[PDB]
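Here is how the chains run, residue by residue.
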Amino acid sequence: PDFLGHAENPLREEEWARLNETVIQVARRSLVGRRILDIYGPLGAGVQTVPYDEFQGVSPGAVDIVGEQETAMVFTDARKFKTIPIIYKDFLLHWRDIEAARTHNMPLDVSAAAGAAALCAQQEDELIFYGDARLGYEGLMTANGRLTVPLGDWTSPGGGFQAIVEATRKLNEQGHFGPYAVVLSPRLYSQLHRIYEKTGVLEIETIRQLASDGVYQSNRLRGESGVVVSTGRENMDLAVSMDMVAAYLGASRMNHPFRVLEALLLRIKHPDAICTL
Amino acid sequence: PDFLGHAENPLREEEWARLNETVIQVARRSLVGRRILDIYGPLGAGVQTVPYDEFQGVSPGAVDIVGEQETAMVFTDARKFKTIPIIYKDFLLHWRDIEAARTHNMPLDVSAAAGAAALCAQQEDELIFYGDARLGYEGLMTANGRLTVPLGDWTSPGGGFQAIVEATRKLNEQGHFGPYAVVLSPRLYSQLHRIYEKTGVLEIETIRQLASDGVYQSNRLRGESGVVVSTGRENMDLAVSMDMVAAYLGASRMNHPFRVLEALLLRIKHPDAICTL
Amino acid sequence: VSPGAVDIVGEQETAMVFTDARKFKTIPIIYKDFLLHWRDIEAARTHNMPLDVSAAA
Amino acid sequence: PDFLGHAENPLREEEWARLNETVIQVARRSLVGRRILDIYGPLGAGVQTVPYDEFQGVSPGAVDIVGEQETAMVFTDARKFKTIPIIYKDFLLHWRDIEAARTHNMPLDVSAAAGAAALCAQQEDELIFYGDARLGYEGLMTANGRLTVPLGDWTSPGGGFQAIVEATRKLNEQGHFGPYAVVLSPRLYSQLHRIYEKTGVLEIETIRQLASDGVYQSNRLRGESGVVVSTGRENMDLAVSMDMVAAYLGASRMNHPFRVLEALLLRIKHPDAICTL
Amino acid sequence: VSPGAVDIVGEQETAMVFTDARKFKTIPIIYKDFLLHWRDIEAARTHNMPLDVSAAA
Amino acid sequence: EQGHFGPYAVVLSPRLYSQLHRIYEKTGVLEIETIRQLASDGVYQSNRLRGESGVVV
């Protein structure tokens, strides 16, 4: 019979396979921060730690052949890797329904799961774009090397043109150049969605051709802020230990509790690539 | 190695078979409310909902080769089913016992099982006869059409007759008649058990012949009140989903917590059958 | 609104718990009715082929 | 295995074997009460019960051929066994941890495991030396049979000695002798180890040669020490059901809870060997 | 530091936490170096069986 | 009323049983018939019970 219990896997192999498929689908649609930076390789949950620092840093020298003289480069400086967080949003499945699905119904419902993952992965991005004083992190607002531009995103028609252009100026001048990506607040994006501009075509065409890796909108970024980076690797890395998954709390009073587990840590290996408002 | 618990199913097939059998023994003996109304069939845990509910009229006849006049049985008005409750009483068995029972000697204890089950089945009836503010229910005290008649008027000589006679009279007047069952608070019953009726022999034989389906004693009914109904189906139905089973809360500290699971909901499809003292 | 985040520690969930009640309010059935005429359909069953779906839509 | 559950003993056999070894190492070194009394044999987890009362008392035999009686030797007037306790201090291991050790790092972290065992074994001594009365037990502050020696008179300089002689004398009288053990609070031990006038000699050297078994210091004895005993068998016995072991609460939340289980009961088979201050 | 009595159920703190803080601060590399000379070792591979460890230890 | 009910057994002193062996009562039949039908698991006599006492379980 059922039985009751505590041996599951409350699902069976098929429904279990579904829940995983549903979660990563909805999570991936709600993740705006994995689309602006290409991911690191999976390290498994086996590693607790992701390497942390580079550059800062010195330019010169060559003569002919021997020495005269450098460097030894760097390392830079100290360690250790600040443990990749494990973030979770919890939800329960309620009593019998699952077992009603074992005979009566073919579709097993999702009380939360797609919603919780959507809530969790989003909050993950808030972790990415802001800083955390709580445990030892680099956000894209706290990394310094920001050389903060006198904002941009005016009302007057030039507006965001001058901004991103000014960004590229100092970014390039710091002695770091490459393909650029631009992240904006939705409110900024609409006010910057232009209207009109140069009389040839609109803002999307001019910015997307200027930054030229892409243009993206995040809801978790500060309303006033927006950030420009360089997508090139060995600059920033999005370090993922474990991806998004459905996990089991086990038997409880009576319930099946789940959590969604996501471990994402972003390291800034060259913090000359970051510019805020 | 050994020492058991995660665990598995820490009883064994024989011991497990016992525990189930003991529970239905004490429970069926401690249930007075499944004897006054024939039970509905078990639906399994698949259903969350128990069929419901209408009232207020009596239907026609009769007759000739003509038509109709039905005159139409029509509802009038609404839905839906108010979710069938799950009630439980929990008990634990001790770790250092069961593995001694798994085995060395054979003192395996079922004591907690029966004690909780007896208590659980008790409150189940308390749920039935009383109303429940807890979640959305009908009782035999909140079901209207009660005919809030004064009745007894007890203790001389008696009986002890006039009350039930007055009820059956009044019940019939409402246009509802049938085989009758009489439920009393235990305190009433002995005061009624009682003496000779001076005519006379017992209250039991004279009442048992008037109601003529039976006379029963429940402790959970209000002390002053007692109720007469009609056992006939399509009047009231006791909807039993999964019956009673022994279940595990899980393992805690380790030990083993158990619960007895009970789902009973009683519906009144015809509350003209209810009489309050 | 539900929590995070986070360290290798636990919990703090902090417990998603309901709180409070049930149950499902019955799913409605709505309908709009239409008729087709008798003297049509059997002419459509058939002689020519003007079969009408007009009332249906 | 990350997923999770159940009954993996989430470690592996190698890490599991270690976990046992680490616990028994730290526990055996931090137990001062198993060195003053030779242990009973392990009774297994099957038994709930430890044999109880003896002595009282002492009559000897000459003899030749026939003609020697008391004896019986009774076995003393009283039963039954008052159930051997279960004392525990628990610990959890975290999310990644162990499984991080099954991928990359060969060493398993036992930091909490042994730490709990040291704490648990500590209070175990508190159970022994103090009275309990929660579970209604003995130990020696409560054993009686002391004839209440005041002991003490240990102030200042001059020694520092007389108490233990008063003890041996009284111990000797009434007919119980053996090699003797002395237990003190650290506070007395230092107070007598000191205030060599300085003429001078030591406190340790005089007591340790007189006691002729040993002198021990426990942190858990009452501030005003102390108790003197006789190590001889059939006087006191430390009855051990289970040794120090690793047990599982078994699942909590994406973690693993452990406990260390120790069942030790000390019975007083001869309460004439006990003297307090 | 909190202790346990006990009998049957009823014993808690515990957790035993595992204390609020991570991560591991990297284990150092400390070294003192030494050299062996030109001939030395190879003089020992021809004639003399003992190797000079004077600087090593 | 104590919240414990089931099938009942009655134990009496022999002296009680005879004084309670009735005689007559309700005019239908005797005491054995009414008590044995009431307690309904059985009625028994023990000589070791207190003469005045009797017990129901």
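Residues numbered from 1 in each chain as written, not as in the entry; some residues may be left out. Chains lettered and ligands numbered in written order. Part of a larger assembly, values for the part shown. Heavy atoms only, no water.

- In terms of determination method and resolution, the entry is listed under cryo-EM at 4.600 Å.

1. Some details on the overall build of chain C
And step 1. A tally of regular secondary structure across chain C gives one helix and zero strands.
And step 2. Since a compact globule built from 57 residues should have a radius of gyration of about 10 Å, the 30 Å found for chain C marks it as more spread out than a globular shape.
And step 3. With respect to the three principal axes, the spread of C-alpha positions in chain C is 80 × 25 × 15 Å.
And step 4. Considering chain C as a whole, with its 57 residues, one finds that 11% of them fall into the buried category.
And step 5. In the form shown here, chain C has an accessible surface area of approximately 5300 Å², with 60% of it arising from carbon and sulfur atoms.
And step 6. Side chains of chain C carry 6 positive and 8 negative charges; the gap between the two charge centres is 12 Å. (Helix = DSSP H or I, 4+ residues; strand = E, 2+ residues; numbered from the N terminus. Rg over C-alpha atoms; globule rule 2.2 N^0.38 Å. Buried < 20%, exposed > 50% of the residue type's maximum accessible area, 1.4 Å probe, protein only. Areas by Shrake-Rupley, 256 points an atom, 1.4 Å probe, with all protein chains shown as cover. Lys, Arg positive; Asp, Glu negative; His and termini not counted. Charge placed at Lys NZ, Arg CZ, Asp CG, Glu CD.)

2. Remarks on the sheet that holds strand β5 (residues 236-248) of chain B
Either a parallel or an antiparallel arrangement is found when strands of a sheet pair, and the pairing is made through backbone hydrogen bonds.
Residue and element names in this part refer to chain B.
And step 1. Spatial strand order, β1-β6-β5: three strands in an open sheet with antiparallel pairing. Edge positions in the sheet fall to β1 (87-93) and β5, since each has one partner strand and no second. Looking at each pair of strands side by side, their axes are set apart by 10° on average, direction ignored.
And step 2. Pairing between β5 and strand β6 (residues 256-268): 10 bridges, direction antiparallel. Bridge pairing in β6 places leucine 238 opposite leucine 266.
And step 3. Where helix α1 (residues 13-30) meets the sheet, its contacts fall on β5 and β6, and the angle it forms with β5 comes to roughly 150°. (Pairing = 2+ DSSP bridges. Axes fitted to C-alpha atoms, helices over the stretch in contact; angles between N-to-C directions. Contact = heavy atoms within 4.5 Å.)

3. Remarks on unusual backbone geometry
And step 1. Residues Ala5(C) and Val6(C) are joined by a peptide bond in cis, for which omega reads -10°.
And step 2. Within the secondary structure layout, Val6(C) lies in the segment before α1 (38-44).
And step 3. The phi torsion at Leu4(B) lies on the positive side, around 60°, for a residue other than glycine.
And step 4. Since its relative accessible area comes to 29%, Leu4(B) is described here as partly exposed.

4. Side note on the side chain of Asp272(B)
All names here are of chain B.
And step 1. Among the structural elements, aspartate 272 can be located in the segment after β6.
And step 2. Here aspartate 272 occupies a buried position and makes no salt bridge, while the nearest side chain of opposite charge, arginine 146, is found at 12 Å.
And step 3. Filtering out sequence-adjacent residues up to four positions away, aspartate 272 remains in contact with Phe55, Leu147, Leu171, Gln174 and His176. (Salt bridge = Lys/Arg side-chain N within 4 Å of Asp/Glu carboxyl O.)

5. Topic: the packing of helix α1 (residues 13-29) of chain D against helix α3 (residues 111-129) of chain D
All names here are of chain D.
And step 1. Where α1 contacts α3, the two axes come as close as 8 Å, and the packing angle between them is 35°. Two packed elements cross with a definite hand, and for α1 against α3 that hand is right-handed. Across the interface between the two elements, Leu19, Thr22, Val23, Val26 and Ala27 of α1 pack against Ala113, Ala114, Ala117, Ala118 and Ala121 of α3.
And step 2. Each residue belonging to the contact of α1 with α3 can be placed in one class, and the counts come to nine nonpolar, one polar and no charged. (Left-handed = near helix turned anticlockwise from the far one by under 90°. Nonpolar A, V, L, I, M, F, W, Y, C, P; charged D, E, K, R; others polar.)

6. Quick notes on the interface of chain E and chain A
And step 1. Opposite the four residues of chain E that make contact, chain A presents six residues.
And step 2. With both chains or domains summed, chain E and chain A bury close to 440 Å², and 62% of this area falls on carbon and sulfur atoms.
And step 3. By the criterion of area lost to chain A, the three top residues of chain E are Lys23(E), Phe24(E) and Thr26(E), representing 83% of everything that side buries.
And step 4. Viewed at the interface, chain A and chain E are joined by zero salt bridges.
And step 5. Summed over the shared surface of chain E and chain A, the number is one residue pair in polar contact. (Buried area = accessible area lost by both parts, 1.4 Å probe. Polar contact = N/O pair within 3.5 Å; in protein donor to acceptor, adjacent residues only side chain to side chain.)

7. As for the arrangement of the chains
And step 1. Of all 11 pairs of chains sharing an interface, the pair with the highest contact count is chains D and E.
And step 2. The two units chain C and chain F are non-contacting; their minimal C-alpha-C-alpha distance is 30 Å.

8. A closer look at the interface of chain E and chain D
And step 1. Contacts between the two partners involve 16 residues from chain E, matched on the other side by 16 residues from chain D.
And step 2. Note on chain E versus chain D: buried area summed over both sides is about 1500 Å², and carbon and sulfur give 54% of it.
And step 3. Taken together, chain E and chain D are joined by zero salt bridges.
And step 4. Seen at the junction of chain E and chain D, the total is five residue pairs in polar contact.
And step 5. A per-class count over the side of chain E that touches chain D returns nine nonpolar, four polar and three charged.

9. Brief notes about helix α4 (residues 160-173) of chain A
For an α-helix the count is 3.6 residues per turn, leaving residues at separations of three or four pointing the same way.
Residue and element names in this part refer to chain A.
And step 1. Compared with the 20 Å implied by 1.5 Å per residue over 14 residues, the 20 Å span of α4 between its first and last C-alpha is a close match.
And step 2. Taken together, the buried positions of α4 are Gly160, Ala163, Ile164, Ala167 and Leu171. The arc that holds the buried residues of α4, viewed along the axis, is 85°, so those residues lie on one side. Exposed residues on α4 whose side chains face more than 90 degrees from its buried face are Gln162, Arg169 and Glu173.
And step 3. For α4, the secondary structure elements touched by its buried residues are β2 (180-184), α5 (186-192), α6 (203-210) and β4 (226-230).
And step 4. Backbone geometry just after α4 places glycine 175 at a positive phi near 95°. (Expected span 1.5 Å × (residues − 1). Arc of directions from axis to C-beta.)

10. Re the pairing of strand β2 (residues 180-184) of chain B
All names here are of chain B.
And step 1. Counting buried positions along β2 gives five out of five residues, so the element sits mostly inside the fold.
And step 2. Pairing analysis gives five bridges linking β2 to strand β3 (residues 212-217), with the strands arranged parallel. Among the inter-strand pairings, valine 182 is bridged to a residue of β3, identified as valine 215.
And step 3. The sheet contact formed by β2 and strand β4 (residues 226-230) spans five bridges and is antiparallel. For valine 182, the partnering residue across the bridge sits in β4 and is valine 228.

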